[PDB]
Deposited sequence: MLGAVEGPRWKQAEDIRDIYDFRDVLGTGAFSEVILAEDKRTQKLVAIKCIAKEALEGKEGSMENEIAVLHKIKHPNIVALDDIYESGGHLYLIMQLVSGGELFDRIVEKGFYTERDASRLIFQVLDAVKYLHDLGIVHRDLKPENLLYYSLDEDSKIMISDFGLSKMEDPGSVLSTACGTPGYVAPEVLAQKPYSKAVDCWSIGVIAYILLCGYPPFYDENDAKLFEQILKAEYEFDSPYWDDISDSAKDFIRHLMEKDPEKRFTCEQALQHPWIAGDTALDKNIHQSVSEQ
C-alpha cells in the first residue's frame, strides 16, 4: 500500500536525468517541502524489490525513502548518490592498487554480510551496480539495484556463479564479489571470449587464471582471497564472514 499522487510534480521538482535502465529512468529531483535533493527511480518482482528495500538500513546501501503511485508509474524516492558507478572509475583509472581495492571490497563485504544476515541475497552484484556516494576519490561505495534480489524462505554473464548457469543462496553473491575483486586488481574480467557459447562454457567449468605477467606481482594473499570466493563448489566457497577475516581484507 503506497501513497497516491495526482501529480508527482506537485511534490517533487524534477531536474536532470541521472541515468536510465532497461525498464527505468532515474531523475534528480528536489523535495519541495524539505528542499533536499533525492533520486527518483521511475518505472512504467518490483514488489519483491520494494519489500527487500524496507528491511534494509546500511551506510553502504542506497536507501528507499518512500514511493508514490501516479498515473500508472511507480516513483521510488531514493537516497541520492553523486559519484557515478564503479564501472566508470575502473575505466578512468585502469585498475586499482591492492590497498584501494581492499578498502572497497571491505565496504562491499560489510554491506552484503549485513544483507545475508537478514536472509537477503542480491544476485546481481557488479561494478555497474556499485555506486559511489561522491565524486571525491575517497568516497564510500554504495550497493544498488535490488531488482533481482531474493529473500530466504523458512543475471550479467561474467559475474554470475557457475551453479546459476547450470540451472536458474548466499554463495551466489560471494562469487560475484570475487570477480569484482579480480577486475579491480588487473583491469579486465576473469572470463573473456569473443564466442558467447565458449564464454558460457568458461564460467560453467569455472576455469580462470591469474595469468602472467599481469598477475606477477599481485600478492599471493590477494590471489588466495580471490580463489576462495571464486570457488567452484558452493559448499567450499567463502562466506562474507570468512572473506572479512582473510588477511587481505583485515
Note to self, deposited ranges with zero CA coordinates are 1 to 8, 53 to 61, 172 to 179, 194 to 195, 278 to 293
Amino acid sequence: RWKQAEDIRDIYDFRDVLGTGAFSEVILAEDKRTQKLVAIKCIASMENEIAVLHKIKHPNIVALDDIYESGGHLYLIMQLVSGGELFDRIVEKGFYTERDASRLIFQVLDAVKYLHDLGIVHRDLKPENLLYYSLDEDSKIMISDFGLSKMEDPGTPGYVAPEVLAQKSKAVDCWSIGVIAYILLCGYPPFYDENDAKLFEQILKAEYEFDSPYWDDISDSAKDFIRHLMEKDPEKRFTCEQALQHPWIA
From here on, numbers count along this sequence of modelled residues.
Regarding 86 to 94 and 122 to 130, which shows the higher C-alpha temperature factor on average in the entry?
86 to 94
Which is higher in the entry, the mean Cα B factor of 210 to 218 or that of 189 to 197?
189 to 197
From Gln79, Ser102, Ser139, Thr156, pick the one with the largest CA B-factor in the entry?
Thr156
Kindly indicate the residue among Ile177, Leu165, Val172, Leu115 with the greatest C-alpha B-factor in the PDB record.
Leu165
Can you tell me which third, lowest, middle or highest, the CA B-factor of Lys223 falls into for its chain?
lowest
Grab the CA temperature factor for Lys32 from the record and place it in the lowest, middle or highest third of its chain.
highest
Entry-reported C-alpha B-factor of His54 relative to its chain, by third, is middle
Split the chain's modelled residues into thirds by Cα B-factor; is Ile40 in the lowest, middle or highest one?
lowest
